[PDB]
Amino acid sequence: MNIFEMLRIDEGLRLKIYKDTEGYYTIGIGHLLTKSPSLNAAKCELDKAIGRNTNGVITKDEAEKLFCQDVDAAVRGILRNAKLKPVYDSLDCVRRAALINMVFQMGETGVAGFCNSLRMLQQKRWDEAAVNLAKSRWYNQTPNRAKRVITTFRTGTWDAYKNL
């Protein structure tokens, strides 16, 4: 298991524009196009992201290319963030993937504000951090995904992604 396979499990793969769990136009492996309610706006975002007139449909290779970019943008945003970088730097490779997953889903700004959960992760108080992370809108709105990510932080293993 690795960050690509992990996010592929959590985000799925769809080749036509769809609405994500928040109702926002998305394509591929969780590539958010726009928060605008306009499908036309989403289509402009898509054609711009792919570099051609897509008519709302892409190939698997194109989806994987956006995913390459999006995973790196999650990492780059962690490293540029004064609250997230020290946590990321303190973590092992598996738990780093859990943090990347959170940032991919919710954005740098939101995760960076979880000052108690971040402190507990930095302190390597894994069970405490896991309890604290579950006191979140994130956990309540996407509990199965959050449980997998939280188990990854709690254990430092990929056990929650086995058989998926």
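Throughout, we count residues from 1 along the sequence that is shown.
*Identify the stretch, either 26 to 34 or 46 to 54, whose C-alpha atoms have the larger mean B-factor according to the entry.*
Higher mean C-alpha B-factor in the PDB entry: 46 to 54.
*Do the C-alpha atoms of 135 to 143 or of 109 to 117 have the higher average B factor in the entry?*
The stretch with the larger average C-alpha B-factor is 109 to 117.
*CA B-factor placement of residue 94, once the chain's modelled residues are sorted into thirds*: Answer is lowest: the recorded C-alpha B-factor places it there.
*Grab the CA temperature factor for residue 164 from the record and place it in the lowest, middle or highest third of its chain.*
Top third by C-alpha B-factor.
*C-alpha B factor of residue 123, ranked within the chain: lowest, middle or highest third?*
Its C-alpha B-factor, which the entry lists for residue 123, ranks in the middle third among residues of this chain.
_Where does the C-alpha B-factor of residue 62 rank in its chain, lowest, middle or highest third?_
For residue 62, the deposited C-alpha B-factor lands in the middle third.
_Where does the C-alpha B-factor of residue 14 rank in its chain, lowest, middle or highest third?_
Highest third of the chain for residue 14's C-alpha B-factor.
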